[PDB]
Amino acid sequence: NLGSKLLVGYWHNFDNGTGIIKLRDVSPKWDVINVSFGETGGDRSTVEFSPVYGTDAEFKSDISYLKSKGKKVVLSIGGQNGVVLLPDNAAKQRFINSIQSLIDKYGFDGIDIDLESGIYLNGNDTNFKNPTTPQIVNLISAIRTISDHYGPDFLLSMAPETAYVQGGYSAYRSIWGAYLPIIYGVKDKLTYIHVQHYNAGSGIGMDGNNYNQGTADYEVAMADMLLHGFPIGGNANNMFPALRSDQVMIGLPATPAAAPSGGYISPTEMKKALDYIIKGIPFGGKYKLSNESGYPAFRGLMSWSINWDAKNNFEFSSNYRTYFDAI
């Protein structure tokens, strides 16, 4: 079964300067490998994926080998080429069929939704429990259909930026809060969400205070929105519900170069945030956690990326594997 404290790492299906790591050479400290990325061509709906090294059959066998060792391998849909546009049923079906074909071909354990294309609320799409924007409605439907095809053990994750989730605290329009209807719409099938707590600037917590990315207070404040639920757009009558704590992870850059505009946090400071979130132990931050005792089943950390971590001699993976193994 899938563990209670996870390290989820993005795996580059490309060389961005940090090199390509073949699947069998990925550190065993990662519990889940998010293969980056499934992409689309002209129809912006049929997802395609070809491994950057070797044959398709060899990649399929590498995945089988990792799965035999208890690891999960997930296909991430996103990046610049992971444009998925679902304006109608036809596009939705192409997306569903192509994803199912890839899962079957390579033996992926599930999918990671790392999309931004078309993810913005139409004017007048104001109810997160009943969205009307076709892109959003169709994406929710497709995710539920794909998930159903594989059953309750299908691994579904999502990695939106903060504007699309916690940004909903300030406004519910355009991009702000636009993942909220997606999250709500698939919450019964969502294994975990790892919001990207980086390339974000600052975030307003439920206490009304602004916190800077890369600080312990920010990590706690942003995660707490999902652990506790929050009022959308300054309206106490429009409450976004809490997720299960086992559905909440925090996404972090593995090193500063992985997120140039900011978001990297030192292990010393992040362990303070983790101790507060998980164990209810405060550290002298300004942010007061919603729940006195913490959220022991908080699911863990995601990182951009396995490749960046390796170029930084595994600082991130080593520090947090040790931290979680010690609980």
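In case it trips you up, residue 1 is the first one in the sequence shown, and so on.
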item	value
Between 65-73 and 272-280 (mean CA B-factor, as deposited), the higher	65-73
Given 43-51 and 297-305, the range whose Cα B-factors average higher in the PDB entry	43-51
Out of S317, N13, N312, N16, residue topping the C-alpha B-factor column of the entry	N312
Largest Cα B-factor, entry values, listed residues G185, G110, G167, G123	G123
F230 CA temperature factor, ranked by third within the chain	middle
Third assignment of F128 from its chain's C-alpha B-factors	middle
Lowest, middle or highest third - CA B-factor, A200	highest
Entry-reported Cα temperature factor of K105, expressed as the chain third it lands in	highest
Within-chain third of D224 by Cα B-factor, per the entry	lowest
